[PDB]
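Position 1 is the first residue of the sequence, and the numbers go up from there. Counting starts at 1 for both ligands and their atoms, in listed order.
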Amino acid sequence: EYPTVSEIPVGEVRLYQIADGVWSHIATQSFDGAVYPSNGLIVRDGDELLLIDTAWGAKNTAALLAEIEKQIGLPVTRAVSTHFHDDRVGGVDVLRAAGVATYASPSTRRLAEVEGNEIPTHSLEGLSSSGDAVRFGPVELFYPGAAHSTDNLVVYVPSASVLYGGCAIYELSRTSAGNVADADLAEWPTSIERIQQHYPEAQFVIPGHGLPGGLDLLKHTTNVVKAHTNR
Ligand SMILES: Cc1oc(C)c(S(N)(=O)=O)c1C(=O)O
Ligand SMILES: Cc1oc(C)c(S(N)(=O)=O)c1C(=O)O
Ligand SMILES: [Mg+2]
Ligand SMILES: [Mg+2]
Ligand SMILES: [Zn+2]
Ligand SMILES: [Zn+2]
Ligand SMILES: [Zn+2]
């Protein structure tokens, strides 16, 4: 039912309805001769849409806006990037040119600049300290602490009990750490426990890459991170 790499031609985007007024968006890129999927979120905001994360690059993000207009036909007015990597901010220039207001924490904006990545326009206050939360239209933004990156946010949709973990949360089929160059391995399990503490009622948990599941993905990620730590 949820699309895999093999369902998504090069430069195409799929939308998946998770709950009333909540979709994931799924796109792909080749890296080092393998193909990787990437998830973001779309949340209905009255008669507008809130986007969580780009579709990983300018071409995919243009395709995302086209697929949203085709399938949903409500304007994307705001986008939040959940950390500074290219699967999150790659395509911010496309969003900005299309009239979308782009947001990230000041932590994310700084790290994007250092990386020479695209930089969301707006700075989100109130997310600087582990455990901080702010409402942003129909979602809650939560900074659990450093994990996959020092700036990683998670997004909760209270109407739908949907938790978007982003790249701090691994899919169940992922058994090894992969890209941890920017990770805080020491803090990652503590940060995951803050997510469990804040969102124990979550019914749907969406990782940055791969298949959604339930809250089991949190302890799954802790297991993989601790195994990597002890490598
Ligand atoms: C599978 C994957 O692809 C990319 C481009 C990333 S990231 N967010 O580390 O850049 C990851 C990740 O592990 O989050
Ligand atoms: C372009 C890209 O694609 C993937 C899948 C990765 S990563 N973060 O997994 O090594 C990267 C990278 O920037 O390292
Ligand atoms: Mg809601
Ligand atoms: Mg994963
Ligand atoms: Zn990342
Ligand atoms: Zn603005
Ligand atoms: Zn990622």
Side-chain angles (χ1 to χ4, degrees), residues 2-5 8 10-11 24 26-41 45 48 50-51 53-61 75-93 95-104 106 109 111-112 114-125 136-137 147-152 154 163-183 185 188 192 195 204-225 227-228:
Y2 200 87
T4 77
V5 155
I8 308 181
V10 174
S24 65
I26 313 88
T28 67
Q29 278 210 46
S30 292
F31 170 67
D32 275 356
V35 181
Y36 296 77
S38 188
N39 301 313
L41 210 72
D45 181 15
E48 304 165 10
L50 173 64
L51 181 63
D53 290 326
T54 70
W56 188 11
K59 298 234 159 202
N60 284 345
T61 301
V76 179
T77 56
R78 301 186 285 186
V80 173
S81 295
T82 60
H83 68 278
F84 71 97
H85 288 156
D86 194 50
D87 56 332
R88 310 291 135 206
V89 301
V92 152
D93 290 359
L95 293 178
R96 179 155 49 222
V100 182
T102 59
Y103 299 77
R109 293 185 67 263
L111 286 163
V114 168
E115 204 73 7
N117 293 353
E118 293 159 65
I119 306 162
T121 290
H122 286 282
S123 293
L124 295 167
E125 308 299 333
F136 195 83
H148 165 86
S149 64
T150 66
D151 60 322
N152 50 205
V154 304
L163 176 61
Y164 180 78
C167 299
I169 302 301
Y170 286 6
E171 77 168 317
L172 291 184
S173 80
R174 188 168 171 192
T175 68
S176 90
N179 182 27
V180 294
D182 296 317
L185 292 170
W188 194 334
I192 285 175
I195 303 169
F204 310 93
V205 178
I206 297 154
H209 310 272
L211 300 184
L215 280 166
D216 279 352
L217 272 64
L218 272 59
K219 280 196 196 151
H220 170 67
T221 305
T222 297
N223 171 307
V224 170
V225 167
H228 183 77

Of all heavy-atom pairs linking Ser81 and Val92, the shortest is OG-CG2, 4.0 Å
Closest approach of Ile26 to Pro37 (non-hydrogen atoms, all atoms of both residues): CG2-CB, 4.5 Å
Quick one: which ligand 2 atoms are inside 4.0 Å of a heavy atom on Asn179? 7 (S), 8 (N), 10 (O)
Can you name the closest pair of heavy atoms from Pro3 and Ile8 and give their distance? CB-CD1, 4.2 Å
Which of the atoms of ligand 2 are close to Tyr36, meaning less than 4.0 Å from one of its heavy atoms? 5 (C)
I'd like to know if the side chain of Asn39 pairs up with that of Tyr2 as donor and acceptor (distance under 3.5 Å, no hydrogens or angles considered). yes
When you measure from atom 6 (C) of ligand 2 to every protein heavy atom, which one gives the shortest distance, and what is it? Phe31 CD2, 3.5 Å
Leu163 and its side-chain contact (heavy atoms from CB on, under 4.5 Å) partner, picked from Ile206, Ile195, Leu217, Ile169: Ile195
Parallel, tilted or perpendicular: which fits the ring planes of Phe136 and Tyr103, with parallel below 30° and perpendicular above 60°? perpendicular
Protein-side N, O or S atoms sitting under 2.8 Å from the Zn ion (ligand 6) are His122 NE2
Ignoring hydrogens, tell whether any protein atom lies closer than 4.0 Å to atom 8 (N) of ligand 2; use the non-hydrogen atoms only. yes
Going by distance alone, is a donor N or O of one side chain under 3.5 Å from an acceptor N or O of the other, for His209 and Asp87? yes
Does a side-chain heavy-atom distance below 4.5 Å link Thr150 with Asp182? no
